[PDB]
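What follows is one chain in structure tokens, specifically the form deposited in one PDB entry.
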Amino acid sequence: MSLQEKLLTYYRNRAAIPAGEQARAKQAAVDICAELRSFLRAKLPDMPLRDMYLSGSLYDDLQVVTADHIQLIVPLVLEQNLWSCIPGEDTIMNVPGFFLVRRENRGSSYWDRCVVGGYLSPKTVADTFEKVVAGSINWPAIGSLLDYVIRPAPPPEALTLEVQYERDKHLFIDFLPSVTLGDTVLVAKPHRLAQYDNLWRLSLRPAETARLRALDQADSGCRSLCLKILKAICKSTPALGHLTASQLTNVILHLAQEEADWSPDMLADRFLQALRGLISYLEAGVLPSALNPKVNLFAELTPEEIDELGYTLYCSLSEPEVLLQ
């Protein structure tokens, strides 16, 4: 067996989600999203929100192995002249890709109630919606027309709803509060290290995945397929699960800037280059976002975690087949 064959087999038998399970899980999310729009509009009339919408690999057909999770973005409405955002590189935290949202001027904002010390706290905003999720046990049977049962998730996932749809099938939808100031999009997705957990996170995923799609659509290439394999590999072990979709996506994107030919027969070649690149970034302790180079996507990892990942992947260019096992 060529590495090529083993890669395609692994994708087919391990990475890929059955088209049925995949489409069905997506439709569950779509259905619930539409329901939560109507209901929460009446359940929280005072709260300045845009329409909520779905986001994540399940929505993008980049989810792997099993289809069980998706984000529901909750867009806060902010009066643009009552708030400004401060990029981390200009703060004392000095963390690019993470923002402060500072309260400004006069006026009143509904969201003043989540401001502490003159800043809109992502955690305080998150707590407003932990309340909403916990309150879901008071709601009527939403989606009961399409035989869905919505339940707050088992602790400690205080922002997650559990949706059971027939039968013994569950989809986990977490609320992801978001703010848009000018053209900067931020989400309350805590920095992995707690010190930075009250900084807002710059939303990079939509632009990352759009770039990935556009590149593959231009030439029917295999960038997405190679990515999905990596994502499923990194879901295989505890060690490798410290690697993220975003990190792997940007590994691919960087490699795409160097390699134009992503024909399906080049998959094994690209997979090794991807591993190679991944090892270099880990060696350097730096993986810059392809779309915003100022942002090091490895900056939520401790240097030891980074060294251990490097160790975990040390023999991968010469025993790659081992990752598929």
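Here, rigid core means the biggest group of C-alpha atoms that superpose within 1.5 Å across both forms. The first residue of the sequence shown is number 1, and the count goes up from there.
A second form of this protein, the form deposited in another entry, is not displayed here; the remarks below concern that form.
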Overlay on the rigid core first, then point out the one of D127, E79, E162, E89 whose CA is displaced 2 Å or more between the shown form and the other one.
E162
Examine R151 after superposing the rigid core and state whether its CA is displaced by 2 Å or more between the shown form and the other one.
yes
After the core is overlaid between the shown form and the other one, has the C-alpha of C234 moved by 2 angstroms or more?
no
For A141, is the C-alpha shift between the shown form and the other one 2 Å or more after core superposition?
yes
Can you tell whether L199 sits closer to or farther from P155 in that other deposited form than it does here, judged by CA atoms, where the change is 3 Å or more?
closer
Say whether the C-alpha atoms of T244 and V133 sit closer together or farther apart in that other deposited form than in the form shown here, given that their separation changes by 3 Å or more.
farther
